[PDB]
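Below is one structure, written out as structure tokens, with a few remarks after it.
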Amino acid sequence: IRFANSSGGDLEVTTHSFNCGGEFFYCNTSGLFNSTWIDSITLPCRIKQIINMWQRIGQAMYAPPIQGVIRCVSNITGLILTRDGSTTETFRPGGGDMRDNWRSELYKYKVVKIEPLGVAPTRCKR
Amino acid sequence: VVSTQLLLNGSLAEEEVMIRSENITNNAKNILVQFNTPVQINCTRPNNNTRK
Amino acid sequence: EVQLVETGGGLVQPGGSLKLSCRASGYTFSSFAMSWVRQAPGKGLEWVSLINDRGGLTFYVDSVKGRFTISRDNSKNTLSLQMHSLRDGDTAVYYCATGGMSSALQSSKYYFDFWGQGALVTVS
Amino acid sequence: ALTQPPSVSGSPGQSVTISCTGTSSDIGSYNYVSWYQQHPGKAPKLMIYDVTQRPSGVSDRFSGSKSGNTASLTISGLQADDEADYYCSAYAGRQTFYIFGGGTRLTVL
Amino acid sequence: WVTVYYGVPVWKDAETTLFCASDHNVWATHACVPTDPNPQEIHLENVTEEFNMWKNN
Amino acid sequence: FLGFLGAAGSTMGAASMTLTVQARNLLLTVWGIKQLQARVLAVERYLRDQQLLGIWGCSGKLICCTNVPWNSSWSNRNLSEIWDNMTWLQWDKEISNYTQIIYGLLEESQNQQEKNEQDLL
Amino acid sequence: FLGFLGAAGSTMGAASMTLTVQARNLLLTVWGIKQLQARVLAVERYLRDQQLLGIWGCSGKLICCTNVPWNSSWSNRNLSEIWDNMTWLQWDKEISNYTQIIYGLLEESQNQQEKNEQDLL
Amino acid sequence: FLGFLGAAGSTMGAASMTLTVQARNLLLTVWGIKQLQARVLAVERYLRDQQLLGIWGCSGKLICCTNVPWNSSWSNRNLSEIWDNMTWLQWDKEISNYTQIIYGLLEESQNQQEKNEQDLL
Ligand SMILES: *[C@@H]1O[C@H](CO)[C@@H](O[C@@H]2O[C@H](CO)[C@@H](O[C@@H]3O[C@H](CO)[C@@H](O)[C@H](O[C@H]4O[C@H](CO)[C@@H](O)[C@H](O)[C@@H]4O)[C@@H]3O)[C@H](O)[C@H]2NC(C)=O)[C@H](O)[C@H]1NC(C)=O
Ligand SMILES: *[C@@H]1O[C@H](CO)[C@@H](O[C@@H]2O[C@H](CO)[C@@H](O)[C@H](O)[C@H]2NC(C)=O)[C@H](O)[C@H]1NC(C)=O
Ligand SMILES: *[C@@H]1O[C@H](CO)[C@@H](O[C@@H]2O[C@H](CO)[C@@H](O)[C@H](O)[C@H]2NC(C)=O)[C@H](O)[C@H]1NC(C)=O
Ligand SMILES: *[C@@H]1O[C@H](CO)[C@@H](O)[C@H](O)[C@H]1NC(C)=O
Ligand SMILES: *[C@@H]1O[C@H](CO)[C@@H](O)[C@H](O)[C@H]1NC(C)=O
Ligand SMILES: *[C@@H]1O[C@H](CO)[C@@H](O)[C@H](O)[C@H]1NC(C)=O
Ligand SMILES: *[C@@H]1O[C@H](CO)[C@@H](O)[C@H](O)[C@H]1NC(C)=O
Ligand SMILES: *[C@@H]1O[C@H](CO)[C@@H](O)[C@H](O)[C@H]1NC(C)=O
Ligand SMILES: *[C@@H]1O[C@H](CO)[C@@H](O)[C@H](O)[C@H]1NC(C)=O
Ligand SMILES: *[C@@H]1O[C@H](CO)[C@@H](O)[C@H](O)[C@H]1NC(C)=O
Ligand SMILES: *[C@@H]1O[C@H](CO)[C@@H](O)[C@H](O)[C@H]1NC(C)=O
Ligand SMILES: *[C@@H]1O[C@H](CO)[C@@H](O)[C@H](O)[C@H]1NC(C)=O
Ligand SMILES: *[C@@H]1O[C@H](CO)[C@@H](O)[C@H](O)[C@H]1NC(C)=O
Ligand SMILES: *[C@@H]1O[C@H](CO)[C@@H](O)[C@H](O)[C@H]1NC(C)=O
Ligand SMILES: *[C@@H]1O[C@H](CO)[C@@H](O)[C@H](O)[C@H]1NC(C)=O
Ligand SMILES: *[C@@H]1O[C@H](CO)[C@@H](O)[C@H](O)[C@H]1NC(C)=O
Ligand SMILES: *[C@@H]1O[C@H](CO)[C@@H](O)[C@H](O)[C@H]1NC(C)=O
Ligand SMILES: *[C@@H]1O[C@H](CO)[C@@H](O)[C@H](O)[C@H]1NC(C)=O
Ligand SMILES: *[C@@H]1O[C@H](CO)[C@@H](O)[C@H](O)[C@H]1NC(C)=O
Ligand SMILES: *[C@@H]1O[C@H](CO)[C@@H](O)[C@H](O)[C@H]1NC(C)=O
Ligand SMILES: *[C@@H]1O[C@H](CO)[C@@H](O)[C@H](O)[C@H]1NC(C)=O
Ligand SMILES: *[C@@H]1O[C@H](CO)[C@@H](O)[C@H](O)[C@H]1NC(C)=O
Ligand SMILES: *[C@@H]1O[C@H](CO)[C@@H](O)[C@H](O)[C@H]1NC(C)=O
Ligand SMILES: *[C@@H]1O[C@H](CO)[C@@H](O)[C@H](O)[C@H]1NC(C)=O
């Protein structure tokens, strides 16, 4: 099992995108997904002010600049991987479809309809 | 939280790292991996930007 | 094996009162309806009273209807029967019996499955 | 109530039949006619319930049926251990829940 | 013999509209139902239910 | 005890004592519309069930004993299994295909009873 | 047989056997509002009729026999004509002007009955 | 006589003869939504009360005599004062803190009665 960095695609997919401190970061994760099987690691990041949200074309927004210095601390809680592939398999970061970021939290929930009427035999007569 | 590649600030698995997929043998599907421990990541823009 | 054990006094004067009871064991008490049946010293059996499994419904033979009270307590596995007024004609062995009715959502019985040995009550 | 006051008898191995006569708005219309066996000095035991059914623990020497307004209990391979009083009873509807007949003494000869 | 019961603990899979609730936001501002500070959860004894996160509306 | 649907895994005769627990749980313009549709629907669904109980002569009751005989072809089981072994979810699946038949029969016996009761007055 | 309103041209006593047929048929933001108003109205109209039957002591029934005497001044006809010759539409027109009177009387006899039944307990 | 709430200052036994008077009074997109919310709410409030009366076995009645005993601890008064001196507003304040207890007891006695009535059939 080998890890590799992302495959070609646009910036919004090939990098780790997130919004923090009010600004949109595009970080290069190749330093995290470069290994066979299994200080600190520094990932360089790019910043954009013009943002095309989700996968839409036609609605762009301008992120106002944020005054001062931005520092964010967060918890990585999971990964979205895609398998590149019978003797070896390579996993790469993937995603870009935001539904998979919610699918990961809503997996425990199901919605059901209550149907309160029912009939059953009993030994009685009106 | 909206992000790509790495899922940030979500919930953790209770005991072990879990791998979930629609079809684990289909290379066209995504694999969602949920950690049972957080990994702390510190991000910054170390520039004293001004605004006008 | 189940048991029904009748207890209570066996001798009263007419015009008085008497409380009988029946301790049950070996089965879920609360699942069965119960009754009392009299055996007159020289005759046969007579049905006297019936109580529902939950204690909500009580039925009596007309001859004791205004005099006897049947009660049930499912937490102690017991029945009780409170006799009042009393006549010489009420002398009998009073048997505790399991059965008599039903619970609607279960097959009916309308018969008596288990019997105790009976308390002897004499009205002088 | 129900009736059958005389004794019933036969020798070991002979069958005997015990009747139980009631009325239409009683034993005739309700198929709930149990039978009980009482050895003197003891509480009665259930032998037959409903009409033909017996409790587990009751031998097949005891069976029965009904017709019209009369029920009956049949004892086949009569034993000395069958010397007991037998009673029929019946569900007689709501209000009058149960009635019994007098018992019959079964004598084994 | 048929007895009709109402209030029977039976359910079927369904797709409906859920509403948002929460304790100058982009998302939930005042247009969101205030939450119950002590929400309930009821364990269902002896219930097996089939879930499918990939088909979850 | 347990609240809403806590009886779901209980047997049918253990359940059906909690009928009031479930019965009571049935009760920017775009968000306003979605919320109203959810609320109107909850009301219409509730009322369809109440109308149906009314049609069958079970208005105002949670347990309604009717005069329609049970067909052994709908479920050939004895009360002991249905009420002491099965859960309501299992039962609902078992007789799903007969539900419309049963509902039709309940409607019809009520129409006949209701007319007979008029003739007696 | 025929469904909704199929009995409309039938006589009053031929009709009134189909009461369940009609009873069951009573149940971009701008389009959403128009649709909701149509649905809310259907519910309010339904409930006003149910409330009124409740007031008159006819809750849960499609045919309700009351204790208000019929006035010959409302319609001086024998049952044979009303039930075997006339249709419901014709009848409704014939006594339209007495409907409010009749409704008022039904409300009043129920109030008296309901109180008498309290005194008897 | 007087209409809606005209009996508000009357004593409890003078009032409660006007129950139908109050019962009948319970029945640009932004304005449409506000109006609909007001109407949906009126319906939901109405139905919650009707559901509750149904649960207590009082469906279809304005005056419902139940089988729950009155606790002297809720209000230690004789009927003469409650019905001939007090108004309904005063009474509601006097026993406000026991309302939930009373409602719980009414629900429970109905569940028991309703089951006993099934066993009798
Ligand atoms: C993962 O979770 C963490 C934990 O919540 C989250 O980090 C938090 O981010 C917010 C926003 O970046 C931080 O809040 C800021 O803290 C600085 C500290 O002085 C304040 O100056 C900021 O105030 C400005 O923004 C406010 C927004 O309403 C304005 O009202 C105010 O006037 C200022 O303009 C702001 O409070 C928060 O401190 C951190 N939390 C921690 C523990 O650092 C993180 O972003 C999450 N990850 C992702 C990707 O979302
Ligand atoms: C992400 O970071 C890596 C690491 O610096 C970049 O990798 C370098 O890419 C150039 C392109 O030819 C190579 O010559 C270097 O040798 C690479 N460095 C290493 C250590 O392999 C990578 O290009 C960055 N990705 C993007 C999209 O900029
Ligand atoms: C990353 O995960 C850790 C572990 O869950 C979070 O730290 C916990 O936060 C809760 C909040 O009430 C505290 O009660 C726990 O005691 C914390 N655990 C520890 C070990 O301190 C942490 O806050 C998460 N980080 C972010 C940015 O959300
Ligand atoms: C992935 O790593 C390779 C290493 O040579 C690099 O050339 C490529 O551009 C990287 N891709 C991305 C998207 O970082
Ligand atoms: C990937 O691992 C090799 C192993 O030495 C290392 O040389 C290379 O720089 C790594 N690539 C990145 C992007 O860190
Ligand atoms: C998840 O568990 C189910 C249990 O039947 C199994 O069938 C399924 O294949 C599992 N998922 C994966 C990715 O293996
Ligand atoms: C999962 O992917 C494999 C890949 O060939 C495919 O054959 C299989 O049918 C897929 N499973 C399902 C349930 O579609
Ligand atoms: C990341 O590590 C480098 C190592 O020199 C350090 O200078 C930098 O401040 C660290 N960044 C953060 C966000 O702490
Ligand atoms: C950024 O400029 C402001 C201007 O007053 C100053 O107060 C602040 O400390 C500066 N921040 C840094 C990191 O130098
Ligand atoms: C779950 O099944 C067991 C099996 O005997 C039973 O005892 C238990 O009561 C059931 N749970 C409920 C809520 O009835
Ligand atoms: C039972 O169903 C069969 C067909 O499934 C039908 O012919 C029969 O008349 C039904 N019996 C009753 C009592 O409705
Ligand atoms: C009938 O009841 C007996 C116990 O009295 C039970 O063992 C049997 O399975 C039941 N039959 C069915 C299929 O309901
Ligand atoms: C039905 O209930 C009895 C009660 O003891 C239990 O033994 C039996 O296994 C149950 N059967 C099923 C199918 O749950
Ligand atoms: C109900 O219809 C489904 C359709 O597949 C069938 O499988 C099921 O057995 C039917 N149920 C009954 C009780 O006939
Ligand atoms: C229409 O009028 C004719 C006249 O006799 C009558 O026979 C027929 O039944 C009527 N139609 C209906 C639906 O009753
Ligand atoms: C009938 O109506 C007249 C007036 O139209 C009225 O005086 C009379 O009392 C009414 N009779 C009945 C029985 O209500
Ligand atoms: C009264 O009944 C007769 C037939 O019995 C009918 O001919 C007559 O028209 C009826 N009168 C009215 C006006 O109802
Ligand atoms: C009323 O019904 C009778 C039934 O034969 C019919 O002869 C008569 O013409 C009908 N009258 C009207 C007005 O329809
Ligand atoms: C009802 O009022 C209208 C008003 O024009 C009148 O023509 C009609 O005859 C009235 N109906 C009755 C039955 O009095
Ligand atoms: C108001 O109080 C007085 C005091 O006696 C009473 O007579 C009167 O009837 C009360 N008003 C009403 C509407 O009852
Ligand atoms: C009356 O209330 C007391 C506590 O306030 C309670 O203990 C008592 O049992 C209640 N009596 C009745 C009849 O409910
Ligand atoms: C009891 O009734 C009398 C009149 O019969 C009244 O004077 C007294 O105040 C009443 N007590 C209470 C507190 O209700
Ligand atoms: C209660 O009603 C009586 C009736 O005469 C009146 O005298 C008395 O003052 C009233 N008490 C109160 C508190 O209103
Ligand atoms: C109800 O609670 C309030 C809270 O202040 C208290 O003042 C009032 O006396 C209570 N009422 C009763 C009847 O206990």
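Residues in the structure tokens are numbered from 1 in each chain, the chains being A, B, ... in the order shown, and ligands are numbered from 1 in the order shown.
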Which polymer residues have any atom within 12 Å of an atom of region 37-48 of chain G, counting only C-alpha atoms, with same-chain residues fewer than 6 positions away left out, as a PDB file with N, CA, C and O atoms, in the first residue's frame?
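Wrote part_16.pdb, looks like this:
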```
ATOM      1  N   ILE F  33     -41.530  28.607   3.687  1.00  0.00           N
ATOM      2  CA  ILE F  33     -42.351  27.679   2.955  1.00  0.00           C
ATOM      3  C   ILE F  33     -41.972  26.263   3.270  1.00  0.00           C
ATOM      4  O   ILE F  33     -42.859  25.436   3.461  1.00  0.00           O
ATOM      5  N   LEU F  36     -43.493  25.412   6.579  1.00  0.00           N
ATOM      6  CA  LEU F  36     -44.920  25.249   6.553  1.00  0.00           C
ATOM      7  C   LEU F  36     -45.303  23.987   5.847  1.00  0.00           C
ATOM      8  O   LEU F  36     -46.162  23.271   6.338  1.00  0.00           O
ATOM      9  N   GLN F  37     -44.630  23.611   4.767  1.00  0.00           N
ATOM     10  CA  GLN F  37     -45.044  22.376   4.138  1.00  0.00           C
ATOM     11  C   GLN F  37     -44.853  21.215   5.081  1.00  0.00           C
ATOM     12  O   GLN F  37     -45.697  20.321   5.139  1.00  0.00           O
ATOM     13  N   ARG F  39     -45.196  21.246   8.258  1.00  0.00           N
ATOM     14  CA  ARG F  39     -46.242  21.307   9.259  1.00  0.00           C
ATOM     15  C   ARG F  39     -47.607  20.988   8.707  1.00  0.00           C
ATOM     16  O   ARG F  39     -48.391  20.312   9.368  1.00  0.00           O
ATOM     17  N   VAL F  40     -47.897  21.428   7.498  1.00  0.00           N
ATOM     18  CA  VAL F  40     -49.178  21.130   6.909  1.00  0.00           C
ATOM     19  C   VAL F  40     -49.244  19.655   6.675  1.00  0.00           C
ATOM     20  O   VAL F  40     -50.283  19.050   6.907  1.00  0.00           O
ATOM     21  N   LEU F  41     -48.158  19.063   6.200  1.00  0.00           N
ATOM     22  CA  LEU F  41     -48.169  17.644   5.979  1.00  0.00           C
ATOM     23  C   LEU F  41     -48.409  16.908   7.273  1.00  0.00           C
ATOM     24  O   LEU F  41     -49.248  16.013   7.315  1.00  0.00           O
ATOM     25  N   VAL F  43     -50.126  17.728   9.734  1.00  0.00           N
ATOM     26  CA  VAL F  43     -51.537  17.805  10.024  1.00  0.00           C
ATOM     27  C   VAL F  43     -52.360  16.968   9.085  1.00  0.00           C
ATOM     28  O   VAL F  43     -53.259  16.271   9.541  1.00  0.00           O
ATOM     29  N   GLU F  44     -52.103  17.023   7.791  1.00  0.00           N
ATOM     30  CA  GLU F  44     -52.911  16.218   6.900  1.00  0.00           C
ATOM     31  C   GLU F  44     -52.725  14.745   7.169  1.00  0.00           C
ATOM     32  O   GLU F  44     -53.682  13.983   7.065  1.00  0.00           O
ATOM     33  N   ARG F  45     -51.518  14.301   7.485  1.00  0.00           N
ATOM     34  CA  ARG F  45     -51.361  12.886   7.724  1.00  0.00           C
ATOM     35  C   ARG F  45     -52.140  12.481   8.949  1.00  0.00           C
ATOM     36  O   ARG F  45     -52.836  11.463   8.936  1.00  0.00           O
ATOM     37  N   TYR F  46     -52.087  13.301   9.990  1.00  0.00           N
ATOM     38  CA  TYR F  46     -52.819  13.022  11.201  1.00  0.00           C
ATOM     39  C   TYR F  46     -54.288  12.919  10.919  1.00  0.00           C
ATOM     40  O   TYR F  46     -54.947  11.985  11.380  1.00  0.00           O
ATOM     41  N   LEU F  47     -54.825  13.880  10.188  1.00  0.00           N
ATOM     42  CA  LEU F  47     -56.234  13.857   9.934  1.00  0.00           C
ATOM     43  C   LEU F  47     -56.647  12.713   9.055  1.00  0.00           C
ATOM     44  O   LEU F  47     -57.747  12.207   9.241  1.00  0.00           O
ATOM     45  N   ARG F  48     -55.827  12.264   8.113  1.00  0.00           N
ATOM     46  CA  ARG F  48     -56.280  11.122   7.343  1.00  0.00           C
ATOM     47  C   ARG F  48     -56.472   9.921   8.248  1.00  0.00           C
ATOM     48  O   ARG F  48     -57.444   9.182   8.086  1.00  0.00           O
ATOM     49  N   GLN F  50     -57.248   9.976  11.431  1.00  0.00           N
ATOM     50  CA  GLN F  50     -58.412  10.151  12.262  1.00  0.00           C
ATOM     51  C   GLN F  50     -59.674   9.964  11.459  1.00  0.00           C
ATOM     52  O   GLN F  50     -60.643   9.394  11.961  1.00  0.00           O
ATOM     53  N   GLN F  51     -59.680  10.389  10.199  1.00  0.00           N
ATOM     54  CA  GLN F  51     -60.863  10.208   9.394  1.00  0.00           C
ATOM     55  C   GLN F  51     -61.132   8.761   9.193  1.00  0.00           C
ATOM     56  O   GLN F  51     -62.286   8.332   9.236  1.00  0.00           O
TER      57      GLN F  51
ATOM     58  N   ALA G  23     -67.198  11.606   1.699  1.00  0.00           N
ATOM     59  CA  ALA G  23     -66.423  12.051   2.842  1.00  0.00           C
ATOM     60  C   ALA G  23     -64.923  11.911   2.606  1.00  0.00           C
ATOM     61  O   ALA G  23     -64.142  12.796   2.969  1.00  0.00           O
ATOM     62  N   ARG G  24     -64.497  10.866   1.916  1.00  0.00           N
ATOM     63  CA  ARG G  24     -63.077  10.665   1.686  1.00  0.00           C
ATOM     64  C   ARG G  24     -62.470  11.589   0.660  1.00  0.00           C
ATOM     65  O   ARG G  24     -61.257  11.603   0.483  1.00  0.00           O
ATOM     66  N   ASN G  25     -63.274  12.353  -0.039  1.00  0.00           N
ATOM     67  CA  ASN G  25     -62.747  13.260  -1.026  1.00  0.00           C
ATOM     68  C   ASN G  25     -62.717  14.682  -0.517  1.00  0.00           C
ATOM     69  O   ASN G  25     -62.489  15.632  -1.271  1.00  0.00           O
ATOM     70  N   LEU G  26     -62.911  14.838   0.783  1.00  0.00           N
ATOM     71  CA  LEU G  26     -62.819  16.145   1.396  1.00  0.00           C
ATOM     72  C   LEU G  26     -61.458  16.334   2.055  1.00  0.00           C
ATOM     73  O   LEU G  26     -61.155  17.398   2.586  1.00  0.00           O
ATOM     74  N   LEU G  27     -60.667  15.276   2.089  1.00  0.00           N
ATOM     75  CA  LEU G  27     -59.424  15.241   2.839  1.00  0.00           C
ATOM     76  C   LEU G  27     -59.597  15.936   4.174  1.00  0.00           C
ATOM     77  O   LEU G  27     -58.739  15.815   5.046  1.00  0.00           O
ATOM     78  N   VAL G  30     -44.358  32.144  -4.930  1.00  0.00           N
ATOM     79  CA  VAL G  30     -45.744  32.495  -5.081  1.00  0.00           C
ATOM     80  C   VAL G  30     -46.600  31.267  -5.367  1.00  0.00           C
ATOM     81  O   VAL G  30     -47.781  31.252  -5.010  1.00  0.00           O
ATOM     82  N   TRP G  31     -46.054  30.260  -6.058  1.00  0.00           N
ATOM     83  CA  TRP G  31     -46.881  29.121  -6.378  1.00  0.00           C
ATOM     84  C   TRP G  31     -47.027  28.317  -5.123  1.00  0.00           C
ATOM     85  O   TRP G  31     -48.079  27.730  -4.866  1.00  0.00           O
ATOM     86  N   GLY G  54     -69.663  17.784  16.047  1.00  0.00           N
ATOM     87  CA  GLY G  54     -69.374  17.553  17.448  1.00  0.00           C
ATOM     88  C   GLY G  54     -70.332  18.329  18.333  1.00  0.00           C
ATOM     89  O   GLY G  54     -70.949  17.765  19.230  1.00  0.00           O
ATOM     90  N   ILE G  55     -70.588  19.580  17.998  1.00  0.00           N
ATOM     91  CA  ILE G  55     -71.497  20.407  18.771  1.00  0.00           C
ATOM     92  C   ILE G  55     -72.874  19.821  18.819  1.00  0.00           C
ATOM     93  O   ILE G  55     -73.526  19.903  19.846  1.00  0.00           O
ATOM     94  N   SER G  59     -70.632  13.464  16.564  1.00  0.00           N
ATOM     95  CA  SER G  59     -69.245  13.192  16.270  1.00  0.00           C
ATOM     96  C   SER G  59     -69.022  11.752  15.924  1.00  0.00           C
ATOM     97  O   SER G  59     -69.510  10.858  16.614  1.00  0.00           O
TER      98      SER G  59
ATOM     99  N   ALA H  23     -66.138  27.737  22.152  1.00  0.00           N
ATOM    100  CA  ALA H  23     -65.579  26.713  21.288  1.00  0.00           C
ATOM    101  C   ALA H  23     -65.618  27.120  19.819  1.00  0.00           C
ATOM    102  O   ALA H  23     -64.659  26.889  19.075  1.00  0.00           O
ATOM    103  N   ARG H  24     -66.660  27.813  19.393  1.00  0.00           N
ATOM    104  CA  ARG H  24     -66.764  28.203  17.997  1.00  0.00           C
ATOM    105  C   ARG H  24     -65.849  29.329  17.589  1.00  0.00           C
ATOM    106  O   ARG H  24     -65.751  29.651  16.409  1.00  0.00           O
ATOM    107  N   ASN H  25     -65.182  29.958  18.528  1.00  0.00           N
ATOM    108  CA  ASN H  25     -64.288  31.037  18.193  1.00  0.00           C
ATOM    109  C   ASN H  25     -62.844  30.592  18.220  1.00  0.00           C
ATOM    110  O   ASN H  25     -61.918  31.405  18.158  1.00  0.00           O
ATOM    111  N   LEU H  26     -62.639  29.286  18.274  1.00  0.00           N
ATOM    112  CA  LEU H  26     -61.301  28.740  18.218  1.00  0.00           C
ATOM    113  C   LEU H  26     -60.977  28.256  16.810  1.00  0.00           C
ATOM    114  O   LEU H  26     -59.868  27.808  16.535  1.00  0.00           O
ATOM    115  N   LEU H  27     -61.969  28.274  15.938  1.00  0.00           N
ATOM    116  CA  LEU H  27     -61.874  27.676  14.617  1.00  0.00           C
ATOM    117  C   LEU H  27     -61.129  26.359  14.691  1.00  0.00           C
ATOM    118  O   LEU H  27     -61.141  25.592  13.730  1.00  0.00           O
ATOM    119  N   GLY H  32     -48.174  36.901   3.181  1.00  0.00           N
ATOM    120  CA  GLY H  32     -48.816  35.625   2.973  1.00  0.00           C
ATOM    121  C   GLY H  32     -48.276  34.627   3.972  1.00  0.00           C
ATOM    122  O   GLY H  32     -49.040  33.861   4.555  1.00  0.00           O
ATOM    123  N   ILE H  33     -46.974  34.649   4.206  1.00  0.00           N
ATOM    124  CA  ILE H  33     -46.421  33.735   5.171  1.00  0.00           C
ATOM    125  C   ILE H  33     -46.873  34.082   6.558  1.00  0.00           C
ATOM    126  O   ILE H  33     -47.227  33.181   7.311  1.00  0.00           O
ATOM    127  N   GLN H  35     -49.614  35.437   7.519  1.00  0.00           N
ATOM    128  CA  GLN H  35     -50.986  35.040   7.695  1.00  0.00           C
ATOM    129  C   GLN H  35     -51.097  33.535   7.779  1.00  0.00           C
ATOM    130  O   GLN H  35     -51.859  33.024   8.600  1.00  0.00           O
ATOM    131  N   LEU H  36     -50.366  32.801   6.945  1.00  0.00           N
ATOM    132  CA  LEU H  36     -50.466  31.371   7.040  1.00  0.00           C
ATOM    133  C   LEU H  36     -49.947  30.882   8.354  1.00  0.00           C
ATOM    134  O   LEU H  36     -50.583  30.037   8.965  1.00  0.00           O
ATOM    135  N   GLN H  37     -48.872  31.450   8.886  1.00  0.00           N
ATOM    136  CA  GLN H  37     -48.427  30.938  10.163  1.00  0.00           C
ATOM    137  C   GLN H  37     -49.485  31.158  11.215  1.00  0.00           C
ATOM    138  O   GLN H  37     -49.712  30.285  12.053  1.00  0.00           O
ATOM    139  N   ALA H  38     -50.170  32.290  11.187  1.00  0.00           N
ATOM    140  CA  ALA H  38     -51.209  32.493  12.172  1.00  0.00           C
ATOM    141  C   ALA H  38     -52.322  31.451  12.033  1.00  0.00           C
ATOM    142  O   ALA H  38     -52.879  30.995  13.035  1.00  0.00           O
ATOM    143  N   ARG H  39     -52.652  31.074  10.801  1.00  0.00           N
ATOM    144  CA  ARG H  39     -53.715  30.115  10.573  1.00  0.00           C
ATOM    145  C   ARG H  39     -53.309  28.698  10.886  1.00  0.00           C
ATOM    146  O   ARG H  39     -54.104  27.944  11.441  1.00  0.00           O
ATOM    147  N   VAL H  40     -52.082  28.330  10.575  1.00  0.00           N
ATOM    148  CA  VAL H  40     -51.631  26.994  10.876  1.00  0.00           C
ATOM    149  C   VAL H  40     -51.580  26.851  12.362  1.00  0.00           C
ATOM    150  O   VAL H  40     -51.961  25.810  12.885  1.00  0.00           O
ATOM    151  N   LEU H  41     -51.098  27.871  13.058  1.00  0.00           N
ATOM    152  CA  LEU H  41     -51.049  27.785  14.490  1.00  0.00           C
ATOM    153  C   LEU H  41     -52.436  27.621  15.060  1.00  0.00           C
ATOM    154  O   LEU H  41     -52.648  26.753  15.901  1.00  0.00           O
ATOM    155  N   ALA H  42     -53.424  28.376  14.583  1.00  0.00           N
ATOM    156  CA  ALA H  42     -54.744  28.204  15.157  1.00  0.00           C
ATOM    157  C   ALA H  42     -55.204  26.766  15.011  1.00  0.00           C
ATOM    158  O   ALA H  42     -55.796  26.211  15.941  1.00  0.00           O
ATOM    159  N   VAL H  43     -54.904  26.142  13.878  1.00  0.00           N
ATOM    160  CA  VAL H  43     -55.289  24.764  13.698  1.00  0.00           C
ATOM    161  C   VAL H  43     -54.522  23.835  14.597  1.00  0.00           C
ATOM    162  O   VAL H  43     -55.124  22.949  15.191  1.00  0.00           O
ATOM    163  N   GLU H  44     -53.215  23.988  14.705  1.00  0.00           N
ATOM    164  CA  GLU H  44     -52.490  23.079  15.566  1.00  0.00           C
ATOM    165  C   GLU H  44     -52.916  23.228  17.006  1.00  0.00           C
ATOM    166  O   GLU H  44     -52.977  22.236  17.726  1.00  0.00           O
ATOM    167  N   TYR H  46     -55.833  24.034  18.143  1.00  0.00           N
ATOM    168  CA  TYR H  46     -57.120  23.391  18.245  1.00  0.00           C
ATOM    169  C   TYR H  46     -56.965  21.901  18.307  1.00  0.00           C
ATOM    170  O   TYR H  46     -57.582  21.245  19.148  1.00  0.00           O
ATOM    171  N   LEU H  47     -56.168  21.346  17.412  1.00  0.00           N
ATOM    172  CA  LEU H  47     -56.025  19.922  17.394  1.00  0.00           C
ATOM    173  C   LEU H  47     -55.322  19.393  18.611  1.00  0.00           C
ATOM    174  O   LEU H  47     -55.650  18.293  19.037  1.00  0.00           O
ATOM    175  N   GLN H  50     -58.046  18.878  21.022  1.00  0.00           N
ATOM    176  CA  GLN H  50     -58.935  17.793  20.695  1.00  0.00           C
ATOM    177  C   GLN H  50     -58.259  16.463  20.911  1.00  0.00           C
ATOM    178  O   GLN H  50     -58.896  15.516  21.371  1.00  0.00           O
TER     179      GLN H  50
END
```
query: So which residues touch residue 31 (chain E) within 9 Å, counting only C-alpha atoms, skipping near sequence neighbours fewer than 3 positions away, as a count of residues only?
result: 7
Checklist entry - If we count only C-alpha atoms, what is near residue 50 (chain D) at a cut-off of 10 Å, once residues fewer than 4 positions away on the same chain are taken out, given as a VMD selection string? => result (chain C and resid 108 to 111) or (chain D and resid 30 to 35 54 64 to 65 90 to 91)
Contacts of residue 100 (chain C) at 10 Å or less, counting only C-alpha atoms, minus same-chain residues fewer than 2 places along, as a list in words?
residues 32, 33, 34, 35, 36, 47, 49, 50, 51, 52, 97, 98, 102, 108, 109, 110, 111, 112 and 113 of chain C; 91, 97 and 98 of chain D
* To do: Hey, list the chain A side of the contact with chain B: 9 Å cut-off, only C-alpha atoms, answer as a ChimeraX atom specification.
  => /A:12-20,29,43,45,47,64-85,93-98,100-102,104-105
